[PDB]
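What follows is a short report on a single structure.
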Amino acid sequence: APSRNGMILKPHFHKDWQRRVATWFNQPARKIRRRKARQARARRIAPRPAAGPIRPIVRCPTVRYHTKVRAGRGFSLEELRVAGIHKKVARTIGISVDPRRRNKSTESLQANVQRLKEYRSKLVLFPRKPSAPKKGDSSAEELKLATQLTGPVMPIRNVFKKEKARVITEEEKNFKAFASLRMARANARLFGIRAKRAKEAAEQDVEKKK
Amino acid sequence: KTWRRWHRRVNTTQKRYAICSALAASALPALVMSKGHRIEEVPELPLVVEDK
Amino acid sequence: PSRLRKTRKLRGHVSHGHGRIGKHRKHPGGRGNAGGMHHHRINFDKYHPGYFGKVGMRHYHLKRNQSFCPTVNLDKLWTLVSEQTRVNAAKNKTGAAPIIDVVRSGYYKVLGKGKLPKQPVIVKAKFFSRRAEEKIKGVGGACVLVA
Amino acid sequence: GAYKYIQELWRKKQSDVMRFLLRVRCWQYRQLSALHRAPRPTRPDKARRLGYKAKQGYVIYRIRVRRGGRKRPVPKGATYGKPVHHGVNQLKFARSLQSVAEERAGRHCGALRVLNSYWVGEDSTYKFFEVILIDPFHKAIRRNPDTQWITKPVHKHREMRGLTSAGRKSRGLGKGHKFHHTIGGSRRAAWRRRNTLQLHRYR
Amino acid sequence: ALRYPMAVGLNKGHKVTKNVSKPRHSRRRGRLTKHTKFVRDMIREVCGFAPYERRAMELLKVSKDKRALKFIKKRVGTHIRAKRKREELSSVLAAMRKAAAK
RNA sequence: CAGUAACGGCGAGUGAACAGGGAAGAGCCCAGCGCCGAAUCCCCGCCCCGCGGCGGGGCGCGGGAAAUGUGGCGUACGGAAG
RNA sequence: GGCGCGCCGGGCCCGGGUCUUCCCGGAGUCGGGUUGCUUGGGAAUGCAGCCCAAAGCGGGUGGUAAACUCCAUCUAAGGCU
RNA sequence: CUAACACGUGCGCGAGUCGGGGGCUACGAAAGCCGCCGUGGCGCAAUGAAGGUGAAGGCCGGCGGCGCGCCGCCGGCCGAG
Ligand SMILES: [Mg+2]
Ligand SMILES: [Mg+2]
Ligand SMILES: [Mg+2]
Ligand SMILES: [Mg+2]
Ligand SMILES: [Mg+2]
Ligand SMILES: [Mg+2]
Ligand SMILES: [Mg+2]
Ligand SMILES: [Mg+2]
Ligand SMILES: [Mg+2]
Ligand SMILES: [Mg+2]
Ligand SMILES: [Mg+2]
Ligand SMILES: [Mg+2]
Ligand SMILES: [Mg+2]
Ligand SMILES: [Mg+2]
Ligand SMILES: [Mg+2]
Ligand SMILES: [Mg+2]
Ligand SMILES: [Mg+2]
Ligand SMILES: [Mg+2]
Ligand SMILES: [Mg+2]
Ligand SMILES: [Mg+2]
Ligand SMILES: [Mg+2]
Ligand SMILES: [Mg+2]
Ligand SMILES: [Mg+2]
Ligand SMILES: [Mg+2]
Ligand SMILES: [Mg+2]
Ligand SMILES: [Mg+2]
């Protein structure tokens, strides 16, 4: 029995919902439990980065978000083999790898290779046995100046290149942008049937000549 | 039931308004004695003590 | 607060604000939105026209991210970029137009509603209205596309 | 190797060689009883694909499930209720005959653990299956670090939680857009995550 | 003229230099090996042919290709598998004709 | 995202996912294709040690399993050999 | 009990780059027809019974049935965490 | 009592607004803090089944176009009933 005026609406309470209800009174209990587990892990991996391994520059998919840059799953192994880091040694020294990611581009691959080299310049690899150092190893006086960094290792900024204020050329002020958009729409929409009618006109001209 | 709406969330800006009003009223002598603190021998009631 | 609510004033009144003739029965008109075309048709046609029936093409796996194209108007175009750029554009005797990338602010399309102040621009966008690009031409300034 | 040849041989089931072999094995398995121990696999390649290794402790049964659908176990007609649920005899069971064949031998040998199972023969009224099982307390598998995962108490009766290869395939389980209604652990975990109210503290 | 990169059009999208990577090794699954071909043709000469396949061969001998296509499509499912089974049976009849002529 | 796309005497009602932000974060192993004199495994007997999670080593012309395939390399990120 | 060190004994004698030559895959299963259940999944999302039942530049997916035709994308019908 | 909606009222901010999810530091499971945690919600734009499109104009000078005294295109001016 609806009254005078208002939304007619569909509450999804026709099922037995009181039996299946999630009360969140352990919300601060979990917000204490997670940070206790996180402090324990950050003490357990004692000089290592507290956030974990390093994760690559990625673009988002799906037109709404492709302007932005995220942290990805892991460094692609094409991006590793041209950085000089072996696919098994990367995960040991702290480089996340996933083999599933392709590399469609070249700019992203060069950015991730530069990121791996800039990381490899910054890690302080301790000796696997503390008394005798080896060749793939850092110096003794750098070992005292190591500490855990907090937050993600080399945090991903979304930086924008600012253009300076140009002077408008006469060539740019004749660019009819709306009509160019609309002409591109119509050409992309009609491109197949243009070619089909060109095809049938070609064989009908063959019919008229032969 | 347990899922009574126990909690209330307040906007951050008026949470800040409230403590600014509390601090600013803790500097007036009439608004402290009317709260009840027997204060009449205090040197000055916006009362700052040595950092030691 | 039940201390402020109506039931504290309705103690002693033997019908509790629902009447003696028509008692407060449980569901006299059916539950929910019942009786759309039968006995509440007068309500659903005096207050919710168009509620019954199908119209339009069914589009199955719709994705709200393919059709993402937010808009901005020309009277708030200059609100994208800080005030120092347009002040220096008003002070510049060279004719150097400031460059405004609307996608960096987060709007793909530029539509033209308002009056745009008379100093040049390089507005780069992903789409343009017809009136928006000709307002940019009328102030004198370029419409750069970007994908 | 011979296993590629016998794999491509068992692929040609409509041929006369494998047709003769299937009908002779089906005669023999139909004469023999319902759940008996085979001493060695009939499909030595397929057993190796599914997990069998000829060592001490893996035990192969061939069992027959009686072929057909599932009529509703109800007195005479008389499924009481609305005309939706009046169906009796054209109903089909949610799991498969191979999964039923796994769990019948897994229940007949409660000490052992069903690894996997495969197909040996069929006729109009039976299907036959060789379910292969592992004795989880034998030292030829409890000292082998890549098959001692099944000796752990988590994997008791995989056949009846539906964790085998033929018990899995009735759970609607997989990645994709085809399997949206089982994200979470199961089609019950999906339903349970969807039909709750997350009533927060603040709201 | 100006050719700006456009979000719509025939050559829509942002201009990015596509690198040329060697293909991943999962993509070759099912590319026919010499050893696998040598196994499969031997298994076919051991076993023979299915009954529906030899009846489709009997349809192809008398040059009624269309109902042979319809028969193979009804027996195996999709039309693509139908045409593939047709061209393989046409190849085995072409081998049988040249073997019975030579 | 979303009470959305969708479903529904399109009536009542039902109703996900992708993307993005977080919590966490870890990857791997066979069968096959092969190559190594079955190079592999279980049990009992004796001796030494330890033995209230029956294990480590040595000796058995002692018994079995296994070529109807055990182990080592090797698995889609390719891999093996020279 | 844990993180710490020393000793005996036992196992293991192990890696990378370039070039050349070889090798590579899970079948009454995929899929198709039909029937019933289920799903938001709509000319059939998933599951199952029966019948047909494969292929290897193949197969699946690409949310409207189908034919031609290019692209993109993973590698099922085995297993652990 | 919980949820949704509608309107009226009081409060903070205001073309913005909000941390509710996460994180950082006895009472306190509170309170504070984040801002390259505004992802996201609502709002700032509507309309169309959809492809889509997407929210003032006016004046001057030149160039029966002549049997747009009405401008196609530019330079200047007023400017948002
Ligand atoms: Mg009323
Ligand atoms: Mg009264
Ligand atoms: Mg009343
Ligand atoms: Mg009365
Ligand atoms: Mg009444
Ligand atoms: Mg009355
Ligand atoms: Mg009532
Ligand atoms: Mg009526
Ligand atoms: Mg009913
Ligand atoms: Mg598992
Ligand atoms: Mg299946
Ligand atoms: Mg109706
Ligand atoms: Mg339902
Ligand atoms: Mg997501
Ligand atoms: Mg985190
Ligand atoms: Mg191995
Ligand atoms: Mg082997
Ligand atoms: Mg049912
Ligand atoms: Mg059921
Ligand atoms: Mg239903
Ligand atoms: Mg389509
Ligand atoms: Mg697999
Ligand atoms: Mg798998
Ligand atoms: Mg009302
Ligand atoms: Mg109000
Ligand atoms: Mg909304």
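So basically every Cβ, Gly included, is an ideal-geometry build from the backbone, and we count neighbours across all protein chains shown. Read the figures in this text as sums done on the coordinates, not as results from a lab.
Okay, here's what the table says:
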{"read-out": "Single residue of C:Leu80, C:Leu62, C:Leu10 found to be in a loop (DSSP other than H, G, I, E, B), more than 12 Å from every other protein chain (Cβ to nearest Cβ) and within 16 Å of ligand 7 (Cβ to nearest atom)", "value": "C:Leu10"}
{"read-out": "Filter result for the condition that a residue is exposed (fewer than 10 other Cβ atoms within 10 Å of the Cβ) and either away from ligand 4 (no atom under 14 Å from the Cβ) or of a type outside the set (S, T, N, Q) (or both), over C:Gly29, C:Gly17, C:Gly36, C:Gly22", "value": "C:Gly22"}
{"read-out": "Contacts under 6 angstrom Cβ, first residue in the range E:21-43 being surrounded by 10 or more Cβ atoms within 10 Å (Cβ to Cβ), partner in a loop (DSSP other than H, G, I, E, B), 6 or more apart", "value": "none"}
{"read-out": "In the range C:46-58, residue farthest from ligand 24 (Cβ to nearest atom) [restricted to those that are facing another protein chain (nearest Cβ under 10 Å) and either part of a loop (DSSP other than H, G, I, E, B) or of a type in the set (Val, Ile, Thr) (or both)]", "value": "C:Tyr51"}
{"read-out": "Elements of type helices (runs of 4 or more DSSP H) contained in the range A:75-148, each with 3 or more residues being crowded, with 16+ Cβ neighbours inside 10 Å", "value": "A:77-81, A:107-120"}
{"read-out": "Residue that is nearest to ligand 7 (Cβ to nearest atom) [pool: residues in the range D:150-203 that are among the β-branched types (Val, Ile, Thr) and surrounded by 13 or more Cβ atoms within 10 Å (Cβ to Cβ)]", "value": "D:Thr196"}
{"read-out": "C:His27 within 13 Å of chain A (Cβ to nearest Cβ) and either within 16 Å of RNA strand G (Cβ to nearest atom) or in a loop (DSSP other than H, G, I, E, B) (or both)", "value": "yes"}
{"read-out": "Filter result for the condition that a residue is within 14 Å of chain A (Cβ to nearest Cβ), away from RNA strand H (no atom under 13 Å from the Cβ) and within 30 Å of C:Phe128 (Cα to Cα), over C:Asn88, C:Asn43", "value": "C:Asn88"}
{"read-out": "Residue within the range B:34-49 that is under 30 Å from A:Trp24 (Cα atoms) and among the aliphatic types (A, V, I, L, M) present", "value": "no"}
{"read-out": "Among (1) free of Cβ contacts under 8 Å to residues at least 40 places away in the same chain; (2) more than 9 Å from every other protein chain (Cβ to nearest Cβ); (3) within 16 Å of RNA strand G (Cβ to nearest atom), the one test that A:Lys10 misses", "value": "(2)"}
{"read-out": "Tally of residues being within 20 Å of E:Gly13 (Cα to Cα), among the β-branched types (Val, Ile, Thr) and either at the interface with another protein chain (Cβ under 7 Å from one of its Cβ atoms) or without any contact (Cβ under 8 Å) to a residue 24 or more places away in the chain (or both) across the range C:91-147", "value": "3"}
{"read-out": "Condition check for A:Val21: surrounded by 12 or more Cβ atoms within 10 Å (Cβ to Cβ), out of contact with any helix residue (DSSP H, G or I) (no Cβ under 7 Å at 6 or more places or on another chain) and within 27 Å of C:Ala147 (Cβ to Cβ)", "value": "no"}
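One line per residue, one yes/no per condition, for (1) within 30 Å of E:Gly48 (Cα to Cα); (2) not in a loop (DSSP other than H, G, I, E, B):
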site	(1), (2)
D:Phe20	yes, yes
D:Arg23	yes, yes
D:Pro41	yes, no
D:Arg49	yes, yes
D:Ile60	no, yes
D:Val84	no, no
D:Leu91	no, no
D:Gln98	yes, yes
